[PDB]
Amino acid sequence: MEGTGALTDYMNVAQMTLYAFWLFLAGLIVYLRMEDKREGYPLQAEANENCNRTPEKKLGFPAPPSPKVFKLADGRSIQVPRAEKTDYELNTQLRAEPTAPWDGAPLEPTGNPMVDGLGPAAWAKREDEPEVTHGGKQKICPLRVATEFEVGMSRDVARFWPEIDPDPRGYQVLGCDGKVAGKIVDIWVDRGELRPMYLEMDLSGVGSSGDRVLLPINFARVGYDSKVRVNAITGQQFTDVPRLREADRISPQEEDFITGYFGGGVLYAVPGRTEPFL
Amino acid sequence: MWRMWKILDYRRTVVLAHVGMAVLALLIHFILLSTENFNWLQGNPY
Amino acid sequence: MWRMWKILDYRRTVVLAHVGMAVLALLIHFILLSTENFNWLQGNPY
Amino acid sequence: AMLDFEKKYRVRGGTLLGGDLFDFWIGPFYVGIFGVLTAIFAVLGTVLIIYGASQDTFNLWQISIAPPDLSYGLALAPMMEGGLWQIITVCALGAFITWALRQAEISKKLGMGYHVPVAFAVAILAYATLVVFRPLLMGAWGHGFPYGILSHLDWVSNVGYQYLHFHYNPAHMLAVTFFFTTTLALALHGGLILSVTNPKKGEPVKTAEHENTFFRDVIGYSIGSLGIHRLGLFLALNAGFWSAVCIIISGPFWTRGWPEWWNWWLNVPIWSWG
Amino acid sequence: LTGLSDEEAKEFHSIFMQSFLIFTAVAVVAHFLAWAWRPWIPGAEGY
Amino acid sequence: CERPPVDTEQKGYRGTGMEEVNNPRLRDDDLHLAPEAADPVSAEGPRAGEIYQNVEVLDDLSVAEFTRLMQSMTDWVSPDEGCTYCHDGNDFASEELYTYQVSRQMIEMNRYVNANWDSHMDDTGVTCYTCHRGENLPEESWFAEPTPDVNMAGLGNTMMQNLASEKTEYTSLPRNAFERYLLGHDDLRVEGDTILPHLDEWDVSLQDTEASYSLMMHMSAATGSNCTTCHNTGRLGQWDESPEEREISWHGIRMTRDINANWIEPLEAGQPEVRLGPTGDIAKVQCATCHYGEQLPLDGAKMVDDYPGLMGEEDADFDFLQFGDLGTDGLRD
Amino acid sequence: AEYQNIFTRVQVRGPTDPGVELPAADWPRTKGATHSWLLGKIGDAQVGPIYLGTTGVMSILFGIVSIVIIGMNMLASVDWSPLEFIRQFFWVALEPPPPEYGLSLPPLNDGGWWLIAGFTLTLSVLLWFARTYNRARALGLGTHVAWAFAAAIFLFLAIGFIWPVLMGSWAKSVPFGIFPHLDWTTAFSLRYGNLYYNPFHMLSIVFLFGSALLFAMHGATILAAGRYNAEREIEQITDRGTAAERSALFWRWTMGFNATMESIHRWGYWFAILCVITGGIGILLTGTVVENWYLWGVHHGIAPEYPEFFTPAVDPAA
Amino acid sequence: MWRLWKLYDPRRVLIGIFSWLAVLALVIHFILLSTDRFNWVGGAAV
Ligand code: BCL
Ligand SMILES: CC[C@H]1c2cc3[nH]c4c(c3C)C(=O)[C@H](C(=O)OC)c4c3nc(cc4[nH]c(cc(n2)[C@@H]1C)c(C(C)=O)c4C)[C@@H](C)[C@@H]3CCC(=O)OC/C=C(/C)CCC[C@H](C)CCC[C@H](C)CCCC(C)C
Ligand SMILES: CC[C@H]1c2cc3[nH]c4c(c3C)C(=O)[C@H](C(=O)OC)c4c3nc(cc4[nH]c(cc(n2)[C@@H]1C)c(C(C)=O)c4C)[C@@H](C)[C@@H]3CCC(=O)OC/C=C(/C)CCC[C@H](C)CCC[C@H](C)CCCC(C)C
Ligand SMILES: COC(C)(C)C/C=C/C(C)=C/C=C/C(C)=C/C=C/C(C)=C/C=C\C=C(C)\C=C\C=C(C)\C=C\C=C(C)\C=C\CC(C)(C)OC
Ligand code: HEC
Ligand SMILES: [Fe+3]
Ligand SMILES: [Mg+2]
């Protein structure tokens, strides 16, 4: 093999350039893998997983990097992984019992998994202070306090063809079994993404007309018949949806509480959802 | 027929008319250039 | 006309002129270089 | 070992089949019934591939499990004349289908939608187009691509040149556009998230208002944090879908040179000009 | 409606039409020079 | 759009992707039907060279065989005109019509390629019907690309490319491939024979690659083939990785070049202006002129063994390597 | 029957957003911003405003000149016929200089217009890189988007400028046309022996296919976890919610390993730019240090060998 | 026509007018370059 690019009897420039990239790619994969381990590491190796019968921390390969510091706009510095989120996860006592004593066995919830926070009903530990926008306004807020927002992107579409630009205020909320839980009384909007995040609804169908509860927009099927259908939970289960600490504000922790509860209905809303087809 | 401006937005209609007539005027002048008998710059016999 | 600067922003107009003339000066010099009669580096007979 | 927040999620249920019998984890992997099936299919296919390597060559690039001849039609071939390829093909289809079904069980157990298994089904559809649908329409399993790192590149080359210029394939043009657009969208989305959460050193982490402002400043439109993930999935899935279309119409629905397909455009009465 | 008043709009229009007129006057001379160099309207026999 | 069923034939090893896919509904089934040969005419008596006056090519035929060839040639190139297409009135021995002078050259060419180009046509040969198919002009000829003078300071110079043309099979590839390789003898090879570059030994441009690509597009569609029938496109320049059709088509390029340069072009001066092309040239032979989209012209019907007189003598100076490949002895001026 | 998070059902329209305020040295944004119902179904409905700065305006001017030069040469190539321009729209191009001119300046109608169009287009993308760079800095963001764009420019400059200069001729560069530049792409592979055998072309495809794979995975994961507000990825990075946990757990339980909400964007970022970086490098290698990629593949033992199926052709001129 | 400047921002009109003039003049000069008769840098005889 002769000609330009030859390095030896067998090696050439295009071959060595390729091995230079293999070295760079291997280093990059190590870097990317280390970036993957900034949340959830080191791994908690529970007692049943080891012959020594004692909980251990596992790093894995590559080992997790040094903690990352995020500067926040309000004037705080948060170190990732967060101490209090890990501390909460390794201190809470789950209301669930593993089906078998060996490691890898699934947990069987003891109480009500939807309110206890198991599996799809689980919530993360988040800050209890409601988020704010860059300007300084409340980030997620109902339309009553955020009067600059109107429902419907186009007035003409919402007026003449309201089916494809709906205004779900005043609609009825139906559970997964058709139970009429209540009626939407407000829409919560995110001032940062300009989207409806939740549908506030009274519990008149299953509780009082003055009890307010939040239905996440991604758990709600807003139909063309002035109905909102919630396949996640039963109409009666709306009564246990977590309530807001303040009637006009919602915190990141509260958002996880509410979305966790509705997500719990994927497996636990009705008997048989947790069972296989055959 | 001055009532047309109660229906069509005059400010947008005027801008769209100029852009639209710009495209058309270029289009027609270009069509004439492509022809043998009306390419004035080429000056073919008529 | 001095009143042009109460309609057009002088700060932006100066920048637009400079970047605008940069494009035009580069284009014209390149066109002349891409001709036989005016490529001063090639030095073809005139 | 488990992630420090993983414990509260490892619950029972959400399976499609198998139920409590296979509902457990081995290390980080969820098993399920389809995990046993996908492991059986994967090992069986890989070991059969390695056996096919043993009969030809162990060079990693030169290993090739070739489909049977077109003369065999849709019949199952002898093992060393394309039958091994046919067995591995059904194993690979079984492995891929059980993989997506396993993701459905994991999606249900976590309360997530079935977007990931459905998006992967588009990839399975493209693969099934290559080895089942197109071979079926043309009438022989030999039209499938060989199972080899370098041999299947020669298959793509020759099949593309069977139509003398595969760049002129209209569905291929659309599919490539989606492929190029999705990596442009990925670079933009990946960069934008990193730019916000890793700003110039010293500055605080920016908000979603900065994200919208940045792309409206650059190109005048911002699709939003929800729109970009819809757009990314849309572009990637259309890239997968139109890839299947471009290859399915190459031979069953078009036997001539792909540039000749554009003769309809050249004969439109509006702009014939002759 | 823009901020400009009737006096402001009338003053802009007067200067605009003058400025447009001077622009067209220069182009008219440029076309006279171009015509003196090589005319662009062929006869029946072409050029 | 097309639809199944489609006819498939494997051209390479299984899994290489080398196959031919054909649509049976596209075949004309009549353009490729060879005419029924005339009955075997008795060969006896004096030769047509002495009985007839102005006979130069068909001297060794008998009178009965001469008449049989004339009737067959009439039904091959001009069945709707008859004898008066090449012969004026009651003066059959008059060489005045241009079609007569062209057809005399055509007979010599037909005899020449039938005898010397077995490296491409093997035992099939050709016939007046092979190109003409019962028409005065073959429907698959080509004219040289116009060479419009350029401004060199203007705009829009298409350097023989960037226009959808039927010559390039509706690509933007160079439209002058026929002139370069089927009338000229430009090198078709684009790939280097070495692993590493030798720019002073092999620096073929991408314009020449597209010109070669343009000719290959024609060679595929003109014969009903594709890249795979003559190539393993994964290893394109390897002859041992290519089917024998590549070797046969190699001689087809040189045979087509031989026909145009030596037999067709010398007929340009006598051709009428109505027959000439935009540049002023005579219509030239391409691959489709004999194949008409089929790998075997006229379904491979060997109908030149029934017609002695269309077979010449094997030229002793024929090499098939003297048409631009290491030599230009077989090409004219 | 569940909300699939494919189209936004309920929309809310506030006042049009002027944007985050810039330092008092940037040009004012445009004052035209509207809301589109159709674009609100997919994502953010607001169209505009757009920033026009020094580099932004200059990039448009260079880009317009490039497009005018290309368009006028295309229109002149079809004899100024708009009808033939539409008919030949995919086939027309601005052709590069022929090989005889090498790297010198060719006449206008013999590749000169191509070189001017290529020069101004290069200037416009370079200025657009600076425009993207400055917009990120003006808002106090990282310059990841600009450097991802710079990686794209590298392939753009490698294909069209760097590699032709290394080859010593502008003729090897790519014409400004739709089907003609596809012809260049194919002729490139034909000329240098099946670019499938270029290892960096293989790698560039790995990251191209891996980018579509990653965005399919990530886009579906975020949409599947949209019930838990996963699309709010900044909040999920600084304050890990259950959406980030479920997304990470979904892939960990599937394939044994997982990223974070922040780290998946690093994976997608690097896959996108490696596709274009390796592609540029592979284009630089061919013709310069490798003549025939198939013969190079045979030399390194990667080309498969097939058993006999036909009678091999023999070169008559060999 | 003086009311036209109350309708549209005069700054935006001038930018639109000037941008059109620059584009159109660039196109017209290029058309002349394409012709043999009016290509001044080509130095073509009549
Ligand atoms: C027969 C054809 C050959 C082939 C010949 C080539 C050639 C030649 C090249 C590739 C290249 C690539 N090939 Mg290939 N390729 C083949 C078969 C394939 C197959 C397949 C399944 O068969 C696939 C998936 C690919 C995929 C790829 C990519 C990995 C790579 C292109 C990356 C890219 O995104 O560029 C697209 C992105 C850019 C070009 C950068 C864009 C950025 C710039 C700045 C955009 C500016 C926009 C501008 C301002 C817009 C206005 C301009 C005016 C309007 C004019 N090839 C076969 C073997 N391929 C490229 C490569 O990287 O090689 C290694 C390349 O040069
Ligand atoms: C359709 C849009 C894009 C897409 C989407 C997509 N891919 C996906 C998903 C999605 C949404 C997943 O959820 C799933 C996943 O889990 O990814 C991590 C996956 C996935 N996409 C993968 C690969 C992949 N995707 C590709 C493409 C694409 N994927 C598209 C561009 C390609 C290409 C273009 O080549 C590849 C190689 C895997 C990493 C993973 C699914 C893995 C899987 O099912 O593994 C099962 C277990 C095995 C070990 C497989 C064994 C199979 C056989 C028994 C043996 C091998 C047979 C095979 C035919 C050999 C072929 C070899 C030669 C071709 C060299
Ligand atoms: C990681 C590699 C991938 C990638 C990445 C990438 N591309 C990028 C970026 C990134 C990260 C940007 O930030 C940048 C961008 O702006 O993205 C939105 C861009 C970009 N990638 C683009 C294209 C592009 N990217 C491609 C590919 C890829 N991009 C890769 C797959 C391709 C392909 C496949 O060929 C193309 C064509 C652009 C859309 C943009 C860069 C924009 C640019 O350079 O702008 C200047 C260039 C010009 C030609 C100027 C045009 C000017 C207009 C014609 C003016 C119009 C007239 C008038 C002003 C309008 C108003 C009319 C009046 C009448 C009112
Ligand atoms: C008539 O038309 C009007 C005016 C009405 C408007 C219409 C415009 C139209 C229709 C435009 C159409 C444009 C199209 C279809 C363009 C297609 C473009 C494509 C597909 C391009 C694809 C690839 C092209 C590439 C990659 C080109 C790369 C070229 C490069 C990188 C050139 C670099 C050149 C340089 C840097 C020059 C340097 C000059 C120096 C000084 C260095 O030389 C000495
Ligand atoms: C292909 C290789 C051919 C064979 C074999 C024969 N002919 Fe031909 N012929 C061929 C071409 C390409 C042309 C030119 C077509 C055009 O458009 O100009 C011709 C022309 C003639 C003509 C003249 C027709 C005319 O101008 O009116 C005649 C009379 C003719 N050919 C007769 C002819 C005969 C008798 C043949 C058999 C012996 C014959 N041709 C063979 C291509 C080919
Ligand atoms: Fe994301
Ligand atoms: Mg070309």
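Below, all heavy atoms of this structure are taken into account, side chains as well, without hydrogens, waters or symmetry copies. Here is how names work: the chains are called A, B, and so on, in the same order as the sequence lines, proteins then strands, and each is numbered from 1.
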**Q** Relative to chain D, which segment of G:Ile6 carries a heavy atom at a distance below 4.5 Å: side chain, backbone, both, or neither?
**A**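 For G:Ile6, backbone and side chain are both near chain D.
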
**Q** Check each atom of D:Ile219 against the heavy atoms of chain G and say whether the ones under 4.5 Å are side chain, backbone, both or neither.
**A**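 Contact with chain G involves both backbone and side-chain atoms of D:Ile219.
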
**Q** I'd like to know if the side chain of D:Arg102 and the backbone of G:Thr254 have a donor-acceptor N/O pair within less than 3.5 Å.
**A**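 The answer is yes, because a donor-acceptor pair under 3.5 Å joins these two groups.
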
**Q** Could you pull out the closest heavy-atom pair between D:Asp217 and G:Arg29, with the gap in Å?
**A**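 Minimum heavy-atom separation between D:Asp217 and G:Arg29: OD1-NE, 2.7 Å.
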
**Q** Give, as side chain, backbone, both or neither, the part of G:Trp270 having an atom under 4.5 angstrom from any heavy atom of chain D.
**A** neither

**Q** Taking CH2 in D:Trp61 as the centre, count heavy atoms belonging to other residues, nucleotides or ligands within less than 6.0 Å. Is the count above 12?
**A**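 For D:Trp61, atom CH2 is not crowded (no more than 12 foreign heavy atoms under 6.0 Å).
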
**Q** Using non-hydrogen atoms only, which part of G:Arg246 is less than 4.5 Å away from chain D: side chain, backbone, both, or neither?
**A** both

**Q** So what's closer than 4.5 Å to chain D heavy atoms on G:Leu52: side chain, backbone, both or neither?
**A** neither

**Q** Hey, are G:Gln46 and D:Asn212 close enough side-chain-wise for a donor-acceptor pair under 3.5 Å?
**A** no

**Q** I'd like to know if the side chain of D:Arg216 and the backbone of G:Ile50 have a donor-acceptor N/O pair within less than 3.5 Å.
**A**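 No; zero donor-acceptor contacts below 3.5 Å.
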
**Q** Verify side chain to side chain contact (heavy atoms under 4.5 Å, CB included) between D:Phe180 and G:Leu208, making sure each step is shown before the conclusion.
**A** CA-CA 8 Å; D:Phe180 283 164; G:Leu208 177 80; 3.9 Å; yes

**Q** Restricting to pairs with a member in residues 263-273 of chain D, which pass salt bridge (charged side-chain N to carboxylate O under 4.0 Å, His left out), not counting sequence neighbours?
**A**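 Residue pairs with at least one partner in residues 263-273 of chain D: there are none.
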
**Q** Select one option (side chain, backbone, both, neither) describing which atoms of D:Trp25 are under 4.5 Å from chain G's heavy atoms.
**A**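 For D:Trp25, the contact with chain G is made by the side chain alone.
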
**Q** Non-hydrogen atoms of chain G under 4.5 Å away: do they reach the side chain of D:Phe34, the backbone, both or neither?
**A**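 Neither; nothing under 4.5 Å.
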
**Q** Would you mind checking which part of G:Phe149 comes under 4.5 Å of any heavy atom in chain D, side chain (CB onward), backbone (N, CA, C, O), both or neither?
**A**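 Looking at G:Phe149, nothing touches chain D.
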
**Q** Is D:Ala123 in contact with chain G via its backbone, its side chain, both, or neither, using a 4.5 Å heavy-atom distance?
**A** neither

**Q** Could you please spell out the steps behind the side chain to side chain contact (heavy atoms under 4.5 Å, CB included) verdict for D:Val116 and G:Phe250?
**A** CA-CA 10 Å; D:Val116 175; G:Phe250 173 85; 3.5 Å; yes

**Q** Run the salt-bridge test on D:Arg230 and G:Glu231 with the 4.0 Å N-O cut-off and return the result as yes or no.
**A** no

**Q** Can you say whether D:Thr57 sits under 4.5 Å from chain G via the side chain, the backbone, both, or neither, judging by heavy atoms?
**A** neither

**Q** Under a 4.5 Å heavy-atom cutoff, which of D:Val196, D:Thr183, D:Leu186 has the most pairs with chain G?
**A** D:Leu186

**Q** Considering non-hydrogen atoms only, spot the tightest contact between G:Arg266 and D:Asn198 and give its length.
**A** NH1-ND2, 3.4 Å

**Q** Any side-chain donor paired with an acceptor under 3.5 Å for G:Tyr306 and D:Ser64?
**A**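 Checked: G:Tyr306/D:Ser64 side chains show no N/O donor-acceptor pair below 3.5 Å.
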
**Q** Is it the case that over 12 heavy atoms from other parts of the model lie below 6.0 angstrom from the CH2 atom of D:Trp261?
**A**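 More than 12 heavy atoms, drawn from other residues, nucleotides or ligands, come within 6.0 Å of this atom.
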
**Q** Can you check side chain to side chain contact (heavy atoms under 4.5 Å, CB included) on D:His165 and G:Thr186, steps first, answer last?
**A** CA-CA 8 Å; D:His165 214 327; G:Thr186 308; 3.0 Å; yes

**Q** Would you find a donor on one side and an acceptor on the other, under 3.5 Å apart, between the side chain of D:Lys200 and the backbone of G:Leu141?
**A** no

**Q** Side chain, backbone, both or neither: which part of G:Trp267 has an atom under 4.5 Å from a heavy atom of chain D?
**A** neither

**Q** Side chain, backbone, both or neither: which part of G:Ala148 has a non-hydrogen atom closer than 4.5 Å to chain D?
**A** side chain

**Q** By ring-ring contact (aromatic ring centres under 6.0 Å, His included), which residues pair with D:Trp262, not counting sequence neighbours?
**A**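 Scan of D:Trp262 (ring-ring contact (aromatic ring centres under 6.0 Å, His included), adjacent residues dropped) gives G:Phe90, G:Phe179.
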
**Q** Relative to chain G, which of D:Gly191, D:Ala187, D:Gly227 shows the most heavy atom pairs under 4.5 Å?
**A** D:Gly191

**Q** Is it the case that D:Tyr168 and G:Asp183 place a side-chain donor and acceptor less than 3.5 Å from each other?
**A**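 Yes, side-chain donor-acceptor contact under 3.5 Å.
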
**Q** Does the side chain of D:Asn267 come under 3.5 Å of the side chain of G:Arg87 through a donor N or O and an acceptor N or O?
**A**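 No - no donor-acceptor pair under 3.5 Å links their side chains.
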
**Q** With only heavy atoms counted, which part of G:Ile222 is less than 4.5 Å from chain D, the side chain, the backbone, both or neither?
**A**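 The side chain, not the backbone.
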
**Q** Working to the nearest 0.5 angstrom, can you tell me the gap between D:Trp271 CH2 and G:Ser81 OG?
**A** 12.5 Å

**Q** Under 4.5 Å from any heavy atom of chain D, what part of G:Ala303 do you find: side chain, backbone, both or neither?
**A**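 Just the backbone, heavy atoms under 4.5 Å.
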
**Q** Which atoms of D:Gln103 are under 4.5 Å from chain G, going by heavy atoms: the side chain, the backbone, both sets, or neither?
**A** both

**Q** Going by distance alone, is a donor N or O of one side chain under 3.5 Å from an acceptor N or O of the other, for D:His167 and G:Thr185?
**A** no

**Q** Is it true that a side-chain atom of G:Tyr269 and a backbone atom of D:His189 form a donor plus acceptor pair closer than 3.5 Å?
**A**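 Side chain of G:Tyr269 to backbone of D:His189: no pair is present.
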
**Q** Apply side chain to side chain contact (heavy atoms under 4.5 Å, CB included) to residues G:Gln88 and D:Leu266 and explain how you reach the verdict.
**A** CA-CA 7 Å; G:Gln88 307 278 44; D:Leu266 298 168; 3.5 Å; yes

**Q** Listed by chain and number, what are the side chain to side chain contact (heavy atoms under 4.5 Å, CB included) partners of D:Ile223, not counting sequence neighbours?
**A**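 For D:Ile223, the residues satisfying side chain to side chain contact (heavy atoms under 4.5 Å, CB included) (neighbours in sequence not counted) are D:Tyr221, D:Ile228, D:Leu231, G:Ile42.
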
**Q** Identify which of G:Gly19, G:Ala216, G:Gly256 forms the greatest number of heavy-atom pairs closer than 4.5 Å to chain D.
**A** G:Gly256

**Q** In terms of heavy-atom proximity below 4.5 Å to chain G, should D:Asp4 be classed as side chain, backbone, both, or neither?
**A** side chain

**Q** Does any backbone or side-chain atom of G:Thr30 lie under 4.5 Å from a heavy atom of chain D? Answer side chain, backbone, both or neither.
**A**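 Looking at G:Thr30, nothing touches chain D.
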
**Q** Considering only heavy atoms, which portion of D:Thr207 lies under 4.5 Å from any heavy atom of chain G: side chain, backbone, both, or neither?
**A**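 Just the backbone, heavy atoms under 4.5 Å.
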
**Q** With a 3.5 Å distance limit and no angle check, can you tell me whether D:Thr213 reaches the backbone of G:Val20 through a side-chain donor-acceptor pair?
**A**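 Side chain of D:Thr213 to backbone of G:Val20, a donor-acceptor pair under 3.5 Å: yes, one is there.
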
**Q** Heavy-atom distances under 4.5 Å only: say whether G:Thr132 touches chain D with side chain, backbone, both or neither.
**A** both

**Q** With only heavy atoms counted, which part of D:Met2 is less than 4.5 Å from chain G, the side chain, the backbone, both or neither?
**A**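 For D:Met2, no heavy atom lies under 4.5 Å from chain G.
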
**Q** Let's test your reading of the structure: which of G:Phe89, G:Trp128, G:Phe257 forms the most heavy-atom pairs below 4.5 Å with chain D?
**A** G:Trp128

**Q** What part of D:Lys201 gets closer than 4.5 Å to chain G, counting heavy atoms only: side chain, backbone, both or neither?
**A**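 Neither the backbone nor the side chain of D:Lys201 comes within 4.5 Å of chain G.
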
**Q** Given a strict heavy-atom distance threshold of 4.5 Å, which part of D:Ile193 is in contact with chain G: side chain, backbone, both, or neither?
**A** side chain

**Q** Measure distances from G:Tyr228 to the heavy atoms of chain D and classify the residue's part below 4.5 Å as side chain, backbone, both or neither.
**A** side chain

**Q** I'd like to know which of D:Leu235, D:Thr182, D:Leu226 tops the heavy-atom pair count under 4.5 Å against chain G.
**A**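 Option with the greatest count: D:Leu226.
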
**Q** Sub-4.5 Å heavy-atom contacts with chain G: which residues of residues 145-153 of chain D show up?
**A** D:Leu150, D:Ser151, D:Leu153

**Q** In terms of heavy-atom proximity below 4.5 Å to chain G, should D:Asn59 be classed as side chain, backbone, both, or neither?
**A**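 Answer is side chain: those atoms of D:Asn59 sit under 4.5 Å from chain G.
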
**Q** Relative to chain G, which of D:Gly160, D:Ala236, D:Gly113 shows the most heavy atom pairs under 4.5 Å?
**A**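 That would be D:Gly113.
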
**Q** Please look at D:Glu105 and chain G and tell me whether the side chain, the backbone, both or neither of the residue comes under 4.5 angstrom of a heavy atom of that chain.
**A**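 Neither; nothing under 4.5 Å.
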
**Q** Considering only heavy atoms, which portion of G:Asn134 lies under 4.5 Å from any heavy atom of chain D: side chain, backbone, both, or neither?
**A** neither

